[PDB]
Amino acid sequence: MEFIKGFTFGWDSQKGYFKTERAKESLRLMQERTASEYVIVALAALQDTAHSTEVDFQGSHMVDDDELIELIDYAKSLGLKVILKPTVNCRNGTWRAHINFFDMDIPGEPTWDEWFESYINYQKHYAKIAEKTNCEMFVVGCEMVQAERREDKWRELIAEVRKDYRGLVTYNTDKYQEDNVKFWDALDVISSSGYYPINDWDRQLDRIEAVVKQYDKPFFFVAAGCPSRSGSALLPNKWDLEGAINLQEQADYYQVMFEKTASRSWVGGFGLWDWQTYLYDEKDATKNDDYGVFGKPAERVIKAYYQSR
């Protein structure tokens, strides 16, 4: 696997967003400012709670199929390769890592089989879209920590995706959970959300390396990044962390991440988190405390590193 110079796009999208000129302008700027060669198109269906069984990919929160295909085609017209990442959020705000059901099927209770039926039907539809648009890679799940123990069901889902899509298939585990997944043999690429502290890369990379060596598969950090916020460099996954604006802390985080991972031949790339569809005005970048790097010192750090690889 070539080194993946990637950037996540579309997380903020809602139905209709991908029809707009400003979505195209934002993607053009993502490529120009970062020298990314892959875009990770990250989308989120909705379910009501962490313990309900219906996965909705048709409502106002989700781009329509026609505009999604339009955006994917436009990305390819720019020379980008495309990784499609359809995941799921909860309407009550619970992180999807907590999605979970009783081990047993209890009368009148929601079951694992019910949830997986709805989630499989969701994944198969977007796998067909990934096939039609020739996406380079497809991500069947994201940070589903408590669901990862249902090995048999994840294998069933992956086999369903294989019937619809001929490209590379991966699953995105959460930080520290790279060994929690036992179905890596059924996938083409291992990936995780590499939200590791600025001062702990050595221990975490050594741990992941040993996991990755157990399988014969390439690896990359399909999500990674850090807000421009004081304190974020120690807990970069924490999107709701409280702290003052700090552009330099974000740049320092990226500098260390790239320096530490560059010497690991098995770290095969990044899907940096994240580049918004409705991008803030560049004049507001020095006051933006979010993950975005547009107009911030980390933008130049990323572009320089991607151009070196």
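Each residue number is its position in the shown sequence, starting from 1.
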Comparing 234-242 with 139-147, where is the mean C-alpha B-factor higher? 234-242
Going by the mean C-alpha B-factor recorded in the entry, which is higher: 288-296 or 5-13? 288-296
Take the CA temperature factors straight from the PDB entry and tell me which of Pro218, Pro227, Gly194, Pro86 peaks. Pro218
Maximum C-alpha temperature factor, selected from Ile99, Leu157, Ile129, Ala186: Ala186
Thinking about Cα B factors across the chain, which third does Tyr278 belong to? lowest
Classify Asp152 as lowest, middle or highest third according to the C-alpha B-factor given in the PDB entry, relative to its own chain. highest
Taking only the Cα B-factors deposited for this chain, tell me whether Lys124 sits in the lowest, middle or highest third. lowest
Pull the Cα B-factor of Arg203 out of the PDB entry and bin it into the chain's lowest, middle or highest third. highest
Where does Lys175 sit by CA temperature factor within its chain: lowest, middle or highest third? lowest
